[PDB]
Amino acid sequence: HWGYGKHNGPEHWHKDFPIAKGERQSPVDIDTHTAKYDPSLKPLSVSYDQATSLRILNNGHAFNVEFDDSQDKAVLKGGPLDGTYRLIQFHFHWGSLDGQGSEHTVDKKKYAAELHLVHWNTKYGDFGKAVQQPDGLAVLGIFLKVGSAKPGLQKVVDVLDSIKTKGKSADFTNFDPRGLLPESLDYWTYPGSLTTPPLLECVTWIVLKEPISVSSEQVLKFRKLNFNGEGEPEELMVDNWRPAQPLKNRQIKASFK
Ligand SMILES: [Co+2]
């Protein structure tokens, strides 16, 4: 099936998912000088006080921290968004080395990792219906650089031993995603896609300008995960990122001057 190897990686996905060569694929390079300030955007409203995390799952490509999305408990609104988007899961993309790992780039700079908080538009009733719409999802992307530890990440890092291999899950209740956000909500936004198969063109991307810092030790624990299932040959879960795709006929907007 698809993955991140030489024989099944990003360069191959178009064979099964022709939308890989589409008009609004993600990620992209964010050219900071060409993005334009848009005074009519909103502040973002991130309302995560009532979040209910449930579980963490190694799905063979990343790990997902899953939320109860059966009520408006953790929602994203405002900014470029019309209406209410419910948090379903977050995950990360990361590298084998601190010099790569992010999906989006900023003036061609790659960060060590990128956090994706995935939300679906409540007008479409469920995630599966939302991904079939051009405004179905809103993904909040946050860059990670290596430096100081991120305290609010530690509970995630320390459960990773229990979900080493594909298909393993663990209970993951009472996790507060607010502890993964930077101070500033300044952002760039553009219309794009999921960055993994099926690559659906359903995402309003909201990429924060300010990275969070995580420690070397924290990212090293990401890199101990496995893509494989238990009892299969070990293949470290690293470099689970798609490179930048052509911008095509899109403009990236900034919420800040
Ligand atoms: Co992602």
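In this chain, residues are counted from 1 in sequence order.
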Self-check item: From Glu66 atom CD to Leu87 atom CG, the distance as rounded to the nearest 0.5 Å
Solution: 11.0 Å
Quiz item: Got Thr165 and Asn228 here, is their nearest side-chain heavy-atom distance under 4.5 Å?
Solution: yes
Quiz item: Can you say whether the rings of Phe175 and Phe90 are parallel (under 30°), tilted (30 to 60°) or perpendicular (over 60°)?
Solution: tilted
Exercise. Would you confirm whether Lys36, through its side chain, and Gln251, through its main-chain N or O, come within 3.5 Å as a donor-acceptor pair?
Key: no
Practice problem: Using modelled atom types only, decide if a donor and an acceptor are shared between the side chain of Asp29 and the backbone of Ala244 within a distance under 3.5 Å. | Solution: no
Self-check item: Intermediate values then yes/no, salt bridge (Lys or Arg N to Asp or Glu O under 4.0 Å), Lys123 and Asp135
Solution: CA-CA 10 Å; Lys123 78 195 200 172; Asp135 58 351; 3.7 Å; yes
Quiz item: Pick from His104, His116, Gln25, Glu103: which one makes a side chain to side chain donor-acceptor pair (under 3.5 Å) with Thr195?
Solution: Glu103
Exercise. Keeping the roles fixed (side chain from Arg250, backbone from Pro191), state whether a donor-acceptor pair exists under 3.5 Å.
Key: yes
Quiz item: Crowded around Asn174 CG? As in, over 12 foreign heavy atoms under 6.0 Å?
Solution: no
Quiz item: Any side-chain heavy atom of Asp72 within less than 4.5 Å of one from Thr84?
Solution: yes
Quiz item: Counting heavy atoms not belonging to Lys6, are there more than 12 under 6.0 Å from its NZ?
Solution: no
Quiz item: Would the number of heavy atoms belonging to other residues, nucleotides or ligands and lying under 6.0 Å from NZ of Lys150 be above 12?
Solution: yes
Exercise. Please check if the side chain of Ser45 supplies one atom and the backbone of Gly78 the other of a donor-acceptor pair under 3.5 Å.
Key: no
Exercise. Look only at the side chain of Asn58 and the backbone of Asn226, and say whether a donor-acceptor pair between them is shorter than 3.5 Å.
Key: yes
Quiz item: Would you find more than 12 non-hydrogen atoms of other residues, nucleotides or ligands less than 6.0 Å from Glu11 atom CD?
Solution: yes
Quiz item: Do we get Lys209 above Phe256's six-membered ring, with its NZ or CZ under 6.0 Å from the centre and within 45° of the axis?
Solution: yes
Self-check item: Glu234 atom CD, over 12 foreign heavy atoms within 6.0 Å
Solution: yes
Quiz item: Counting only N and O atoms by type, is there a donor-acceptor contact under 3.5 Å from the side chain of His119 to the main-chain atoms of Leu117?
Solution: yes
Quiz item: To the nearest 0.5 Å, what is the distance between CG (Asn240) and CD (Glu114)?
Solution: 11.0 Å
Self-check item: From OG (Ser102) to CH2 (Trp94), nearest 0.5 Å
Solution: 13.5 Å
Practice problem: Measure the spacing between NZ of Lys168 and CD1 of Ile56 and express it to the nearest 0.5 Å. | Solution: 14.0 Å
Quiz item: Between atom CG of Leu185 and atom CG of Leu44, what is the distance when rounded to the nearest 0.5 Å?
Solution: 5.5 Å
Quiz item: Are any side-chain N or O atoms of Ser215 and backbone N or O atoms of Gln218, one a donor and one an acceptor, separated by less than 3.5 Å?
Solution: yes
Quiz item: Hey, does the side chain of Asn121 reach the backbone of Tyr124 with a donor-acceptor pair shorter than 3.5 angstrom?
Solution: no
Practice problem: Flag the pair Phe63 / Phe172 as yes when their ring centroid distance falls below 6.0 Å, and as no otherwise. | Solution: no
Quiz item: Should the heavy atoms of other residues, nucleotides or ligands under 6.0 Å from CG of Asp171 be counted, would the total exceed 12?
Solution: no
Quiz item: What distance do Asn64 atom CG and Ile163 atom CD1 have between them, rounded to the nearest 0.5 Å?
Solution: 9.0 Å
Quiz item: Within a reach of under 6.0 Å around NZ of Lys73, are more than 12 heavy atoms found that belong to other residues, nucleotides or ligands?
Solution: yes
Quiz prompt | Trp13 side chain to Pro18 backbone, donor-acceptor under 3.5 Å | solution = no
Quiz item: Below 6.0 angstrom between ring centroids: does that apply to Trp241 and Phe92?
Solution: no
Self-check item: Close side-chain approach of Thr189 and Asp38, heavy atoms under 4.5 Å
Solution: no
Quiz prompt | Trace of the side chain to side chain contact (heavy atoms under 4.5 Å, CB included) decision for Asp107 with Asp31 | solution = CA-CA 5 Å; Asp107 300 326; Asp31 176 334; 4.0 Å; yes
Quiz item: Would you find more than 12 non-hydrogen atoms of other residues, nucleotides or ligands less than 6.0 Å from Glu232 atom CD?
Solution: yes
Quiz item: What do the steps show when you test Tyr190 against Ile30 for side chain to side chain contact (heavy atoms under 4.5 Å, CB included), and what is the final call?
Solution: CA-CA 10 Å; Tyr190 73 94; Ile30 304 167; 5.6 Å; no
Quiz item: Is any side-chain heavy atom of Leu115 less than 4.5 Å from a side-chain heavy atom of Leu144?
Solution: yes
Practice problem: Treat each ILVMFWY residue as a node, draw an edge where side-chain heavy atoms are under 4.5 Å apart, and state whether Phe143 and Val157 are in one component. | Solution: no
Exercise. Using modelled atom types only, decide if a donor and an acceptor are shared between the side chain of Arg24 and the backbone of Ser193 within a distance under 3.5 Å.
Key: no
Self-check item: Minimal non-hydrogen separation, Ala138 against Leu81, with atom names
Solution: CB-CD2, 3.8 Å
Quiz item: Are side-chain heavy atoms of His14 and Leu199 found at a separation under 4.5 Å?
Solution: no
Exercise. Just jot down the side chain to side chain contact (heavy atoms under 4.5 Å, CB included) partners of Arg178, sequence neighbours excluded, or say none.
Key: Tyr48, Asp49, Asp176
Quiz item: Quick one: do the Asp16 and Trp2 side chains pair a donor with an acceptor below 3.5 Å?
Solution: no
Quiz item: Do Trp205 and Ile252 touch side chain to side chain, with heavy atoms closer than 4.5 Å?
Solution: no
Quiz prompt | Hydrophobic cluster identity match, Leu194 and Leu57, side-chain contacts under 4.5 Å | solution = no
Quiz item: Looking only at heavy atoms, which two atoms of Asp98 and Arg223 are closest? And how far apart?
Solution: OD1-NH2, 2.9 Å
